[PDB]
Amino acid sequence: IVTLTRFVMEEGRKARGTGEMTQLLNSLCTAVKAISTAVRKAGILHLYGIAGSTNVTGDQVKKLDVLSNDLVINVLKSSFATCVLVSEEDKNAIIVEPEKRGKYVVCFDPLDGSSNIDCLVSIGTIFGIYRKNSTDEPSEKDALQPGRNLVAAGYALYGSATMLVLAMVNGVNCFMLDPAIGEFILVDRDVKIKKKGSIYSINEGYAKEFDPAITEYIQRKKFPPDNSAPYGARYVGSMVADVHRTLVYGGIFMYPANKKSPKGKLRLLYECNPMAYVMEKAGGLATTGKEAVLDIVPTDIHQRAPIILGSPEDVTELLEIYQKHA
């Protein structure tokens, strides 16, 4: 009954804004439908495989990585809503040409879940949007803001259905892509996560690298001291799918620092911050183990951060173990 565009317009209708945000999200939706279309038949389009280079954080580049990067960059330029673009796929920020320049900075991972592409598991797109603040010429530094400054963030999940989850100041809403008329339609309004869940999600292949707090925490999930039933384990291996399930079912998702990676793996600007902002707008928590993800001031557009997120009593329980081992 309500499309994403309708919803957002009937909203900024309040914020009394200039409709730029609305253009920005309209454009992104177009990118997102196009990626979704290609993804649901990638093998028929021969879109599996590498594109033959390595990106800034050292990921081998897949064909969908390239295709989805070009779609997002292009639609964002043509929106007239943006001035600085940070993409996981590009070493440096992309400044938008003056004539198409708009007020927003957008950090995004055009296709998240690379390792899961060829086995047809859920993958997604992640974005976070900042208002340019400085009056300087637009530059890479306009992307170096803490997540606490986000005006909007969320992700497209190409899962069993394609969902656009969009968090802004007042709350989180889910919009499902109807493939027939190619519109995103509101299906979940003002989403809130459960206070406590019963699923934990981490790659246990890193057991030998985990610090003692994560180690103790996982052990308590398997052998609860109060004799409750042990938590269920889930780890899809695509951040967007695992975080989405954490949102709608509750529980906790972890990609902590470990002995080989003092700052974890996941990227602060375009993986960790958008998901922490979604989680916080749903009443959840997102921490590194020692500080709120959203309060970290980045110094590098490609910097990494540990992230633990989801239901606040689950995350709090893990915080108390870190504090304990501090």
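Note that residue numbering follows the sequence shown and begins at 1.
The stretch with the higher mean CA B factor, choosing between 288 to 296 and 51 to 59, is 51 to 59. When the C-alpha B-factors of 115 to 123 and 98 to 106 are averaged, 98 to 106 comes out higher.
Across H244, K141, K222, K195, the entry's maximum B-factor at the CA atom is seen for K141. Going by the entry's values, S134 shows the largest Cα B-factor out of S134, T215, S160, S238.
Per the PDB record, residue ranking by Cα B-factor puts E204 in the lowest third of the chain. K281: CA B factor lies in the middle third for its chain, per the PDB record.
The deposited CA B-factor of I181 belongs to the middle third of values across its chain.
Per the PDB record, residue ranking by Cα B-factor puts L64 in the highest third of the chain.
Remark: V84 belongs to the highest third of its chain, ranked by C-alpha B-factor as recorded.
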